[PDB]
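We count ligands from 1, going down the list as the structure has it; atoms in each ligand are counted the same way. So that the names make sense, note that chain A is the first sequence line, chain B the second, and so on, each numbered from 1. Every heavy atom of this structure was used, including side-chain atoms; hydrogens, water molecules and symmetry mates were not.
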Amino acid sequence: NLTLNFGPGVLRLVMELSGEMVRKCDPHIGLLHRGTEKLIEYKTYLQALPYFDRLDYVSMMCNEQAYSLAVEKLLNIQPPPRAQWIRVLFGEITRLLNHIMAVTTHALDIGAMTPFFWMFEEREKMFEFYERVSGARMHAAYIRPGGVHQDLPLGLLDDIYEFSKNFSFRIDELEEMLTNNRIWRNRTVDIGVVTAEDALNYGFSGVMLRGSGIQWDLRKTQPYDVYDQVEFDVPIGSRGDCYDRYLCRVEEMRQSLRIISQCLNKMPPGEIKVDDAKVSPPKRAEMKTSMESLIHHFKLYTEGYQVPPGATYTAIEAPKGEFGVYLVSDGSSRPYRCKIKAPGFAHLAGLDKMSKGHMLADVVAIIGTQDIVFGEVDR
Amino acid sequence: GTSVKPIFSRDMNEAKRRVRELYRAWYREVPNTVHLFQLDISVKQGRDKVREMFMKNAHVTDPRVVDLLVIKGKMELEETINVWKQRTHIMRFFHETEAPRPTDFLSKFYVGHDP
Amino acid sequence: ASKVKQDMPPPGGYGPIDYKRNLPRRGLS
Amino acid sequence: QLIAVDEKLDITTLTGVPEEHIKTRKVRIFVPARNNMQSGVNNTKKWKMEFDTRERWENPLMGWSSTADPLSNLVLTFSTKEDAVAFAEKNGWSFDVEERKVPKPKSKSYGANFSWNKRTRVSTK
Amino acid sequence: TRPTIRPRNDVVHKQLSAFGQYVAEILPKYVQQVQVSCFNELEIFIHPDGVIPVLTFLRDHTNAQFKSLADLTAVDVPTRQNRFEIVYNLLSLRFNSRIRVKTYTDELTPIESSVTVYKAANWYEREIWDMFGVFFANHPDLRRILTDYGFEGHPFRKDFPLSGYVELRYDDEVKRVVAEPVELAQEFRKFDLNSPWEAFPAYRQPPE
Amino acid sequence: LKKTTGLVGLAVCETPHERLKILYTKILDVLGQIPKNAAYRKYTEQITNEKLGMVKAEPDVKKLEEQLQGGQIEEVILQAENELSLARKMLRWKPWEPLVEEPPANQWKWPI
Amino acid sequence: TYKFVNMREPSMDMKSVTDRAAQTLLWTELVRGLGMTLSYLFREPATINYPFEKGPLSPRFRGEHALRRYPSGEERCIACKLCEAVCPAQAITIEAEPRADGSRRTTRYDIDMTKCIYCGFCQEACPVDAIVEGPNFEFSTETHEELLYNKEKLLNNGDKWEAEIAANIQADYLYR
Amino acid sequence: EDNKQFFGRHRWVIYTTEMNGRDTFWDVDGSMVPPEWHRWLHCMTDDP
Amino acid sequence: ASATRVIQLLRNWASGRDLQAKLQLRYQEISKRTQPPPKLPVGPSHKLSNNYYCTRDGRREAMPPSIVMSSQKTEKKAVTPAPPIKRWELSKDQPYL
Amino acid sequence: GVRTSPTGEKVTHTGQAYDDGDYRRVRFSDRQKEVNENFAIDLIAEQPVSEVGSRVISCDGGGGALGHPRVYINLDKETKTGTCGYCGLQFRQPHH
Ligand code: SF4
Ligand code: SF4
Ligand SMILES: [Zn+2]
């Protein structure tokens with residue numbers, strides 16, 4: 001029984017091995033703890049928004065949407081329909097990006113390196129969509145607690161449709177390279193098997209729950225923006241191993257394509273942010289023409305809007321699981337407390353149980369199938 | 001009144017017993033830490049540092065504070081023994097790169113406004 | 001005078017988007 | 001199941017604050033004064049705890065304002081004076097307490113503006 | 001109301017109020033208060049001694065069965081005698097409902113660990129201990145999870161300075177990374193943003 | 001008989017009616033030792049009696065699942081076991097007693 | 001609605017067993033993967049010839065910060081300090097006083113580009129379009145100090161990039 | 001320009017061999033493009 | 001794509017599909033990089049009358065949470081937090097993958 | 001209107017220049033000091049005063065929504081001219 005340290009995403013991992021078996025797996029985290037939750041307390045809500053881009057930095061607009069929903073619930077306002085449709089469309093695009101990153105990185109760690117490039121070309125195209133809509137490729141900060149910052153450019157929808165009509169073939173190529181390969185199945189089948197009750201008690205969410213046969217999805221059971229107006233299927237696993245989670249993620253990519261099609265065909269007209277200048281800033285022309293608009297712009301960009309006192313816990317179906325925010329307001333324009341809930345935290349906490357009686361090479365597969373990004377884990 | 005829920009120790013005697021156990025464990029561990037981290041300090045000065053860190057808290061008269069300090073020291077020892085720390089964490093107890101701050105009135109008056 | 005102009009789907013909507021898995025069977029018994 | 005120990009609360013050894021940021025600091029417990037530029041009084045409702053001001057110097061590059069104390073921006077909010085005093089005491093901080101200043105009630109009379117024989121009669125309006 | 005205002009849901013409000021009354025009736029030994037917010041969130045305030053019983057009841061009862069612990073964290077309020085409040089967020093998949101349980105503690109009173117009720121609480125309680133200094137009794141292995149080794153203090157406390165007390169750099173003389181007291185080239189600019197002319201009359205406090 | 005309930009770790013139960021009857025009888029036996037005026041005993045006896053009467057009056061497994069509103073009767077059995085364990089724990093805990101003590105004066109006052 | 005991903009039961013007749021045995025022994029799926037890689041080998045790569053070719057960008061895209069001025073030549077900034085107030089990273093330092101002609105102008109306008117997050121909040125908070133985040137992104141530096149911009153550097157950046165900055169603003173200002 | 005190449009390769013610049021003060025026969029970099037041709041070359045506009 | 005016919009058939013046979021139908025490199029099918037000016041309509045609160053802010057104030061309609069059995073101050077059927085969730089249906093588009 | 005300090009360094013539009021005894025001049029040795037050559041005060045001084053036959057007029061800096069917030073300037077005083085507080089442009093009634 002020898003103890004060895006896999007030092008430095010960035011992870012320190014302490015194990016004791018009995019030959020090839022993994023006996024204890026003690027992950028050491030905090031190598032990316034930047035004190036985001038304490039820094040948020042010194043910012044206004046608009047100022048605190050860009051932290052959520054950096055929390056789970058593979059799914060940026062999903063964290064933006066979760067924070068915006070929490071602030072909207074505390075403010076007792078609602079975004080316009082077009083803003084909600086844009087939010088859901090870009091959330092599905094973000095889910096596609098996140099699942100591409102997760103699947104290709106998991107394959108790369110095992111030893112399959114070519115689909116990484118194949119699908120990072122598509123990732124670059126989606127980054128182009130992000131840049132066109134917001135001016136930034138990755139740390140977008142586009143989704144706001146009143147809606148979205150800017151309306152879509154006049155040719156974005158056509159390019160999104162053009163991208164979406166060719167992505168299924170890329171998924172097909174990935175499946176041809178991975179799904180029926182016997183080496184991939186030997187690396188993934190019956191690895192990291194977790195029971196439904198254990199997953200529930202360990203705090204798992206998302207694919208980590210659905211691969212064990214638990215029929216749960218926050219977009220279906222607790223819909224938030226317009227998710228009750230779109231139709232899609234929830235992939236369900238049967239064995240609770242890495243292979244079932246891989247299949248579930250591929251199926252979620254296909255269903256995200258389906259939802260993107262529905263969103264493109266049903267984009268409504270109207271404004272993009274709540275028509276309430278005490279929360280959402282006015283237009284530039286109004287600010288440069290009307291006295292009230294200039295006053296409200298000044299106050300919103302210097303002090304920010306005040307949020308009525310209260311505490312809420314708002315969760316969404318993030319591409320990695322249930323992403324939640326426990327937001328506390330004291331009545332001022334700065335949040336009193338902001339606790340950030342990341343599914344990767346619970347998944348990494350369960351990594352120890354998931355790796356009992358497995359090879360040293362299986363822990364890498366379990367880490368890859370858990371979809372761990374340490375920005376959200378450490379915060 | 002002033003009835004409070006205990007953590008580990010009901011009174012001061014068993015709190016001091018835990019303090020002595022922690023001191024014994026640290027005293028035993030010092031030579032192994034000195035050898036294993038390839039420290040340039042001696043065992044005598046490491047044990048002197050342990051004694052000084054224990055003596056910084058000699059004024060505590062609350063058993064709950066005492067046993068929380070014991071818990072913190074035991075976490076410190078667990079970090080040291082399992083080699084979760086590196087050499088920098090161990091050497092941070094000695095402040096070798098900090099220029100000494102004189103205590104007398106004249107030196108503080110000369111250097112700046114800080115009392 | 002000037003009417004509203006923003007990014008909207010074309011009249012009649014977009015064409016269908018393929019999303020189902022397509023892994024064909026080549027053929028050899 | 002209960003110790004029932006008689007001793008004042010002291011958590012200085014557990015907070016991790018350095019030695020010279022405990023004994024040499026002087027916190028101020030006060031209700032902030034109303035900003036006389038405005039008539040609103042919503043900023044004079046709670047009690048505040050702040051630390052004594054230390055040295056600020058000019059950075060040789062950029063001429064920015066540099067500081068060497070970590071407590072220059074630390075301000076705490078309390079419901080009552082007693083809460084602030086207890087918090088300061090249990091943290092081992094020497095404190096100065098300033099009693100709350102309340103504007104005394106005044107007698108206003110619009111009819112006194114148009115007085116028959118008193119000096120309160122206004123010359124214009 | 002109008003399309004800029006979030007709609008209300010009275011049915012869920014009534015359901016949550018009824019279930020809060022139900023839970024409060026079943027456990028009068030520990031439940032101190034039950035609340036339902038205007039956005040349909042149910043909170044149950046309990047005595048610290050009832051953490052294990054209340055959580056076990058909420059997880060195992062046929063009518064509750066909150067099988068998932070969504071989040072567990074702490075909030076620091078220096079003005080209270082009990083400085084910290086512990087917040088449990090639970091999710092019930094059977095009834096598609098969420099519940100919140102709050103308790104309180106101070107710097108020296110330990111809170112019973114709930115790792116026997118929810119296995120997910122293991123890292124959450126470690127994080128609470130690291131960030132706030134709240135000790136959890138009968139924890140399998142309580143230790144720091146986020147801060148650096150040897151880090152002193154609990155950063156998420158309100159009275160902890162934002163930039164901390166020590167900073168790191170590499171020293172060539174000792175050929176290692178050393179820790180020194182923090183010294184900012186540019187001090188963080190404190191902004192006084194709170195305005196007078198109180199905003200929300202519904203939350204006005206008595207003038208005492 | 002169906003196989004592979006679909007939840008990993010949950011085995012298919014053959015003859016679930018007998019298991020449910022035994023579990024409900026044991027639950028009622030445990031509840032009998034709780035004081036009569038306790039709300040937990042009354043509520044749990046009501047719920048358990050409803051489920052037991054529904055089980056004893058429905059021979060079809062699928063119809064019983066649809067009526068019970070739990071579905072996949074295996075986790076209905078699991079929930080019955082959890083309720084029995086909770087009932088024993090409740091019996092040891094005795095939480096029908098009055099409140100241990102009130103919180104401090106302004107413990108739950110928000111804001112500030 | 002939900003879908004099953006791994007709920008297929010293999011057939012147990014002799015033909016399907018023989019097919020699976022042939023797959024196991026003759027390595028058919030590995031040949032399929034080799035064919036997929038071979039097919040990718042014969043298509044045009046997605047590589048562009050940097051630095052001679054550039055990646056597509058948009059008017060909205062945020063680049064290096066610049067201080068603009070009016071067509072008359074006077075700087076637009078009026079030292080309102082709204083960008084400094086809104087800056088989530090506290091990257092902007094502003095000092096001001098009345099000018100020799102009595103105008104409200106800055107004497108210090110510093111942006112720490114090693115603290116900036118390039119969010120663009122400052123340019124959307126500016127009421128006179130004085131501070132903008134221009135399209136330049138190739139401004140890497142060999143030292144830390146040259147990334148600490150002062151007012152002279154930002155005014156020079158504005159004078160250097162004004163043509164493209166104004167074109168982008170003309171393209172995008174109807175969406176703001 | 002070449003509109004029959006795929007997007008990204010349809011526009012390119014052949015750098016000069018001698019800009020302000022250095023011989024750029026071998027040492028070229030992207031900052032050598034003036035702002036108007038910078039806007040055209042990065043496909044921020046369709047008009048040279 | 002400027003690929004010869006022989007290479008086209010070779011890659012089509014190697015991958016086993018028709019690739020020119022769905023190419024992964026953009027061409028003239030994308031939108032123009034110069035676009036006409038937009039108009040961006042206004043919201044519902046842009047009226048000149050019957051538009052008092054007190055009738056559309058979302059923040060001022062928030063109230064402190066309702067109090068249930070503040071401890072300091074019959075049949076009785078048992079209740080659940082919410083009605084039991086309905087079982088999902090088996091996706092009559094592609095039930096099995 | 002860039003002037004030169006007696007030391008030799010260019011004086012910026014903010015008027016600052018390191019003194020003769022200032023050690024901080026060493027940072028410019030073997031390097032250069034960035035000074036913006038276009039002084040805004042002179043450039044706005046070169047703008048001619050607009051003649052308008054109205055008692056009160058508005059200025060928005062030109063370009064409509066691309067300028068500054070629209071403000072109104074009174075021109076009743078004949079001793080001086082009306083100046084925009086945002087743009088610096090000067091306006092005047094046609095005296096005589
Ligand atoms: S872009 Fe954002 S971080 Fe950078 S200076 Fe502007 S407001 Fe500050
Ligand atoms: S740049 Fe704009 S926002 Fe910043 S101080 Fe100048 S005028 Fe104000
Ligand atoms: Zn003007």
Side-chain angles (χ1 to χ4, degrees), chain A residues 39 43-44 46-51 53-54 134-136 139-141 149 281 284 287-288 294 297-298 300-302, chain E residues 189, chain G residues 60-72 74-97 103-134 137 147-149 151 154-155 157-158, chain J residues 40 44 47 49-50 52 57-64 66-73 81-91:
Chain A
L39 281 159
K43 319 276 179 185
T44 70
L46 177 61
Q47 275 183 320
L49 173 72
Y51 281 110
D53 275 314
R54 283 89 174 159
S134 82
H139 286 335
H149 177 52
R284 313 271 303 174
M287 179 259 303
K288 294 182 192 189
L294 182 65
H297 170 99
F298 192 109
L300 281 184
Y301 275 107
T302 54
Chain E
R189 266 84 55 82
Chain G
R60 296 189 185 184
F61 161 90
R62 330 155 197 159
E64 192 185 23
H65 301 82
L67 282 170
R68 306 182 56 227
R69 67 177 75 233
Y70 288 108
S72 57
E74 183 178 1
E75 43 191 332
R76 285 174 171 256
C77 184
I78 48 173
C80 71
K81 294 181 176 67
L82 267 66
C83 58
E84 186 178 36
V86 75
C87 189
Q90 293 215 340
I92 306 172
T93 316
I94 298 177
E95 270 167 34
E97 66 183 1
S103 184
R104 187 186 165 119
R105 302 298 156 174
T106 43
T107 61
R108 164 198 297 282
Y109 196 100
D110 293 326
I111 299 191
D112 192 342
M113 314 289 290
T114 65
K115 273 203 261 202
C116 176
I117 73 172
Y118 302 84
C119 63
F121 283 12
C122 55
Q123 77 175 342
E124 75 202 20
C126 192
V128 294
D129 298 19
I131 183 69
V132 303
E133 193 169 1
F137 58 94
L147 283 179
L148 265 50
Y149 288 6
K151 195 188 177 178
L154 289 153
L155 274 180
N157 278 354
Chain J
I44 194 61
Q47 290 298 295
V49 179
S50 192
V52 298
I57 62 171
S58 72
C59 182
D60 63 355
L66 294 177
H68 65 72
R70 194 216 289 132
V71 290
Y72 295 80
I73 315 181
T81 79
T83 299
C84 181
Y86 286 92
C87 182
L89 288 178
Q90 291 173 264
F91 311 90

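- Residues G/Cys122 and G/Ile131 share a closest heavy-atom pair of O-CG2, 3.5 Å.
- Looking at G/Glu133 against ligand 1, only its side chain comes within 4.0 Å, counting heavy atoms.
- For atom 2 (Fe) of ligand 1, the closest non-hydrogen atom on the protein side is G/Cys119 SG, 2.3 Å.
- Contacts between G/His65 and ligand 1 below 4.0 angstrom, taking non-hydrogen atoms only, involve the side chain exclusively.
- Interface of G/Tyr118 with ligand 1, defined as ligand atoms under 4.0 Å from a residue heavy atom, comprises 1 (S), 4 (Fe).
- Once rounded to the nearest 0.5 Å, the distance linking SG of J/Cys84 with OH of G/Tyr70 reads 7.0 Å.
- G/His65 contributes atom NE2, which lies 3.5 Å from atom CD of G/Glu133 (distance to the nearest 0.5 angstrom).
- Listed by chain and number, the residues in a side chain to side chain donor-acceptor pair (under 3.5 Å) with G/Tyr149 are G/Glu64 (sequence neighbours excluded).
- For atom 4 (Fe) of ligand 2, protein N, O or S atoms under 2.8 Å: 1 in total.
- Residues J/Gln47 and G/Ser72 have side chains that never bring a donor and an acceptor to within less than 3.5 angstrom of each other.
- Shortest contact from atom 3 (S) of ligand 1 to any protein heavy atom: G/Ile117 N, 3.3 Å.
- The structure places CD of G/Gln90 at 11.5 Å from CG of G/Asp112, a figure rounded to the nearest 0.5 Å.
- Remark: ligand 2 atoms within the under-4.0 Å shell around heavy atoms of G/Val128 are 7 (S).
- Of the protein's heavy atoms, G/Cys116 SG, 2.3 Å lies nearest to atom 4 (Fe) of ligand 1.
- A distance of 8.5 Å separates CD1 of G/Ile117 from CZ of G/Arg62, quoted to the nearest 0.5 Å.
- Taking atom 7 (S) of ligand 2 as the reference point, the nearest protein heavy-atom neighbour is G/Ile78 N, 3.5 Å.
- Interatomic distance, OG of G/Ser103 versus CD1 of J/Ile44, reported as 8.5 Å (0.5 Å rounding).
- With sequence neighbours left out, G/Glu75 forms a salt bridge (charged side-chain N to carboxylate O under 4.0 Å, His left out) with G/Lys151.
- Contacts of G/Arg104 classified as salt bridge (charged side-chain N to carboxylate O under 4.0 Å, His left out), with partners at least two apart in sequence or in another chain: none.
- Note that the SG atom of G/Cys126 and the CE atom of A/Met287 stand 8.0 Å from one another [nearest 0.5 Å].
- Listed by atom number, the atoms of ligand 1 under 4.0 Å from G/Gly120 heavy atoms are 1 (S), 2 (Fe).
- What sits closest to atom 8 (Fe) of ligand 1 on the protein, heavy atoms only, is G/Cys87 SG, 2.3 Å.
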